[PDB]
Structure formats: C-alpha cells, structure tokens
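One structure below.
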Amino acid sequence: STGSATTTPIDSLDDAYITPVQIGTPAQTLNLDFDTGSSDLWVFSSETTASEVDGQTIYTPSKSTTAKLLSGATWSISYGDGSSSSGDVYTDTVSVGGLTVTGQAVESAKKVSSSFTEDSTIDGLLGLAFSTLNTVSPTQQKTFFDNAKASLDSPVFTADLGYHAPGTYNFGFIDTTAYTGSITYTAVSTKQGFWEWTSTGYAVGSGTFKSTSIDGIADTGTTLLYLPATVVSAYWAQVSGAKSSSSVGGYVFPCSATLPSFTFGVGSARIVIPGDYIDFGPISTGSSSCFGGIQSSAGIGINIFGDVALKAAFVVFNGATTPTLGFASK
Ligand SMILES: O=C(Cc1cn2ccccc2n1)Nc1ccccc1
C-alpha cells in the first residue's frame with residue numbers, strides 16, 4: 001500500500017505545516033502537524049478542557065463506531081518550544097492520503113498548553129520519530145508509520161515541504177518526479193529516538209565550504225535551523241547590522257537586508273537554503289527588525305535541522321531495519 005497527502009503552511013511565514021488526517025468511522029478529518037521530532041499521535045478532542053480549545057477541529061470518539069478506549073492508558077509530552085499536552089488514549093482507524101491503519105493509538109488531549117490553544121490551525125500532532133519515544137503509559141504505543149510499515153510498498157516516508165506553498169508527505173514510495181539529481185543517503189543513530197544524523201559541513205552564501213561534522217536531527221516539527229554558535233555567528237556576520245538579541249531571544253537582522261544563502265552538507269552532496277527562506281519577518285508587527293531563521297543550538301543540547309533546512313530538500317525517512325535518511329535537491 002501507499003499514501004500521499006498535501007501538507008500546507010499554516011501562515012505566510014511557514015511557521016508550521018498541516019496535513020489532513022481521517023480518524024474514525026465515519027471519518028473525522030483533522031489537520032495535524034506531522035512531526036519527525038516526536039512519536040505521539042495526539043488530537044484536540046471532545047475531552048479537551050473547554051477553555052483550552054479555540055477554533056480547532058476536535059475528534060469525538062463517541063461518534064466513531066471503531067473507537068475503543070485503551071484501558072488505563074495515559075500520555076504526557078513536552079516539546080522544544082516548551083509547549084506540552086496530555087490525556088488518555090483510544091485506538092481507532094486512521095487514514096492519511098488513502099493509507100489506512102486500523103487499531104492506531106489516538107491520544108486524546110485533556111490538557112494542552114497555551115501555545116497550542118492559541119494556534120487555531122493545528123488540530124494535533126502526528127509523530128514520525130521512533131516509537132521508543134512514544135509517551136503512552138503503561139504500555140508504549142507505536143507510531144502511524146510503525147503500524148503501517150509492513151503494509152507499505154517500501155518502508156519509507158518522504159517529506160517535501162514547500163516554501164510559502166503546499167508540499168507533500170508520501171508513505172511507502174519515493175516520487176522520482178519530485179526532486180532533481182540524486183538522493184544522497186546518510187547514517188542515522190536511533191539511540192535518542194530521533195532521525196539523528198551527521199552533516200558534513202556548511203557554507204555561507206558564495207563562501208567556501210567548511211568541512212566539519214555537525215550532529216543533529218531531521219525535525220519537521222521545529223520551524224527553524226538550530227546549529228552550533230560558531231556556525232551561526234559565521235552566517236550572521238555576513239548580514240550588515242545583524243545581531244544576537246537576548247531580549248528577542250536570537251539573531252535579528254534589518255528587514256531591509258537581502259540574506260545570503262546557507263548550504264549544508266549531506267555526505268559529498270550539498271543542500272542550498274535560499275536567503276529568503278531564512279527571513280521570518282518582523283519581530284513584532286510594524287517592526288523593521290526581522291527574526292532570523294538560523295539560530296544557535298547552544299543550550300538546546302542538540303542541533304536541529306528544522307523546516308528551514310528540510311524545505312530546501314526532498315527528504316527520505318527510510319525506516320528499513322537499519323534506518324537511514326536521504327536528501328535531494330528539488
Ligand atoms: O521538539 C521537537 C519537535 C517539535 C517541536 N514542536 C513544537 C511545536 C509543535 C510540535 C513540535 N514538535 N524537537 C526537538 C526540540 C529540542 C530537542 C530535541 C528535539
């Protein structure tokens with residue numbers, strides 16, 4: 001089997017992407033944030049604290065003839081932006097772009113943090129990291145991908161995120177019309193539960209490539225590109241007037257600037273992030289100070305190849321027995 005779904009930026013900045021997901025019988029369609037940085041499928045629901053819901057579409061398991069409460073099971077998660085949620089668990093039928101999993105753990109939120117409430121466009125998360133990170137207790141649950149894996153034509157999914165435009169998530173096949181050149185594959189460590197790999201280096205604009213090992217994760221649930229401070233400093237030094245602002249909480253730059261590109265290495269291959277992809281707009285409405293899309297990972301404890309990096313590529317998440325990651329230009 002296969003599936004294919006369009007993923008759509010939630011706003012003009014591409015702060016995140018949403019993908020429609022069918023849950024239950026008859027289908028209830030919710031727009032979820034596909035997150036290769038986490039391993040829980042969770043939704044706003046009829047169980048969510050009333051005051052914590054503001055515009056989201058909710059899953060109502062009582063209206064689904066295939067929902068079953070997973071007895072005694074609970075879940076609780078936190079993300080890198082400091083947001084969190086928690087609740088109980090149902091099993092139900094979940095379909096993504098024509099690919100159906102029966103018996104999928106659907107984590108029903110009872111509680112969500114303010115950032116989730118405040119974003120009306122995201123109806124929950126669909127985690128695509130390794131199931132070892134799944135938070136359900138006392139019986140850990142598998143991800144959608146893990147459950148669909150053996151049924152897929154090939155045990156893979158691909159992320160093709162657009163810049164200020166819709167993209168695609170495919171399951172079980174690689175669309176060879178969706179990228180240019182070849183896909184370069186690279187080793188993955190699953191020891192922290194993430195799609196963790198090692199970039200071979202970087203370049204700033206038309207500058208010389210610096211060969212250096214940069215360990216980090218491929219994370220569709222993180223908007224920006226978080227890299228070591230040395231790297232980030234080298235980038236922003238090429239932007240007149242750019243500065244790290246402790247008050248704003250990262251590098252800012254004059255909105256009048258034209259930003260240089262940023263290149264990252266994948267083995268001997270190179271992925272080029274255009275300058276405009278690194279512009280995240282005014283720090284506040286009407287401001288002429290803009291927020292940068294490359295930021296320091298100092299203090300995170302891990303480097304993160306977020307949407308700013310992944311959207312410049314066609315990315316293969318190869319869930320073979322030994323997982324790997326593939327990157328192609330497009
Ligand atoms: O936390 C993540 C993945 C992530 C961040 N998110 C923010 C909002 C909504 C979804 C979401 N997913 N990645 C990460 C961050 C820090 C350290 C390790 C992994």
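A quick note on method: Cβ atoms are made from the backbone with ideal geometry, for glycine too, and the neighbour counts reach across all protein chains shown. No value in this document is a laboratory result; all are computed from the given coordinates.
The strands (runs of 3 or more DSSP E) located wholly in the stretch 217-257 that include 1 or more residues which are surrounded by fewer than 22 Cβ atoms within 10 Å (Cβ to Cβ) and within 16 Å of the ligand (Cβ to nearest atom) occupy 250-254.
Quick one: count up the residues across the stretch 201-216 that are surrounded by 20 or more Cβ atoms within 10 Å (Cβ to Cβ) and away from the ligand (no atom under 16 Å from the Cβ). Residues flagged as surrounded by 20 or more Cβ atoms within 10 Å (Cβ to Cβ) and away from the ligand (no atom under 16 Å from the Cβ) within the stretch 201-216 amount to 2.
Checked against the criterion of being more than 27 Å from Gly326 (Cβ to Cβ), assigned to a loop (DSSP other than H, G, I, E, B) and in contact (Cβ under 8 Å) with a residue 12 or more places away in the chain, the candidates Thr93, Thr66 yield just one match: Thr66. A Cβ distance below 9 Å, combined with a sequence gap of six or more or placement on separate chains, defines the contacts here; from the stretch 173-201, residues that are acidic (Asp, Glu) reach residues that are surrounded by fewer than 17 Cβ atoms within 10 Å (Cβ to Cβ) and part of a strand (DSSP E or B) in the pairs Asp175/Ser4; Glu196/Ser189; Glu196/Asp215.
Cβ separations smaller than 6 Å between residues 6+ apart or across chains give the following pairs from the stretch 233-247 residues that are on the phi < 0 side of the Ramachandran plot to residues that are assigned to a helix (DSSP H, G or I): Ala242/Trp236. For the stretch 37-63, residues that are part of a helix (DSSP H, G or I) and surrounded by 22 or more Cβ atoms within 10 Å (Cβ to Cβ) total 1. The residue pairs whose first member lies in the stretch 124-143 and is free of Cβ contacts under 8 Å to residues at least 40 places away in the same chain, whose second member is among the hydroxyl-bearing types (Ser, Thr, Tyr) and more than 10 Å from the ligand (Cβ to nearest atom), and whose beta carbons are closer than 8 Å, counting only pairs six or more residues apart or on different chains, are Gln140/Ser131; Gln140/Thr132; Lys142/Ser131.
Can you tell me which condition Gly72 does not meet? The list is (1) within 22 Å of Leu128 (Cβ to Cβ); (2) surrounded by fewer than 16 Cβ atoms within 10 Å (Cβ to Cβ); (3) over 20 Å from the mean Cα position of the chain (by Cα), and all the others hold. Single failed check for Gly72: (1). Any chance the stretch 281-292 includes a residue that's in contact (Cβ under 8 Å) with a residue 60 or more places away in the chain, buried (at least 17 other Cβ atoms within 10 Å of the Cβ) and either in a loop (DSSP other than H, G, I, E, B) or hydrophobic (A, V, I, L, M, F, W, C) (or both)? Scanning the stretch 281-292 turns up no residue that is in contact (Cβ under 8 Å) with a residue 60 or more places away in the chain, buried (at least 17 other Cβ atoms within 10 Å of the Cβ) and either in a loop (DSSP other than H, G, I, E, B) or hydrophobic (A, V, I, L, M, F, W, C) (or both).
If the condition is being surrounded by fewer than 22 Cβ atoms within 10 Å (Cβ to Cβ) and over 20 Å from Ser51 (Cα atoms), then the stretch 105-140 contributes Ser131, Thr132, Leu133, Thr135, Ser137, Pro138, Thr139, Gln140. In summary, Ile58 fulfils each of the numbered conditions (1) within 18 Å of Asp123 (Cβ to Cβ); (2) within 12 Å of the ligand (Cβ to nearest atom); (3) not hydroxyl-bearing (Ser, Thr, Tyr) with the single exception of condition (2). Please tell me if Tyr185 is over 22 Å from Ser289 (Cα atoms), away from the ligand (no atom under 16 Å from the Cβ) and either charged (D, E, K, R) or within 25 Å of the chain's Cα centre (by Cα) (or both). So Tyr185 fits the description; yes. Inspection of the stretch 11-27 identifies no residue that is surrounded by 17 or more Cβ atoms within 10 Å (Cβ to Cβ) and in a helix (DSSP H, G or I). Any residue at all in the stretch 115-127 that is over 18 Å from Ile18 (Cβ atoms) and within 19 Å of the chain's Cα centre (by Cα)? Looking for residues that are over 18 Å from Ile18 (Cβ atoms) and within 19 Å of the chain's Cα centre (by Cα), one finds none in the stretch 115-127, hence no. Please determine whether any residue of the stretch 85-94 is closer than 20 Å to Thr220 by Cα, touching a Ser or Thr at 6+ places or on another chain (Cβ under 7 Å) and within 16 Å of the ligand (Cβ to nearest atom). The answer is yes, given that some residue of the stretch 85-94 is closer than 20 Å to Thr220 by Cα, touching a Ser or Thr at 6+ places or on another chain (Cβ under 7 Å) and within 16 Å of the ligand (Cβ to nearest atom). Scanning the stretch 293-318 for residues that are touching a helix residue (DSSP H, G or I) at 6+ places or on another chain (Cβ under 6 Å) and part of a loop (DSSP other than H, G, I, E, B), we see that the one that is farthest from the ligand (Cβ to nearest atom) is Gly293.
For first residues located in the stretch 16-28 and closer than 20 Å to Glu118 by Cα and within 16 Å of the ligand (Cβ to nearest atom), partners that are of a type in the set (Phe, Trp, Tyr) and in a strand (DSSP E or B) and lie 6+ apart or on another chain with Cβ distances below 6 Å form the pairs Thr19/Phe34; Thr19/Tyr169. Inclusion of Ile77 among residues that are within 14 Å of the chain's Cα centre (by Cα) and among the hydrophobic types (A, V, I, L, M, F, W, C) is not warranted.
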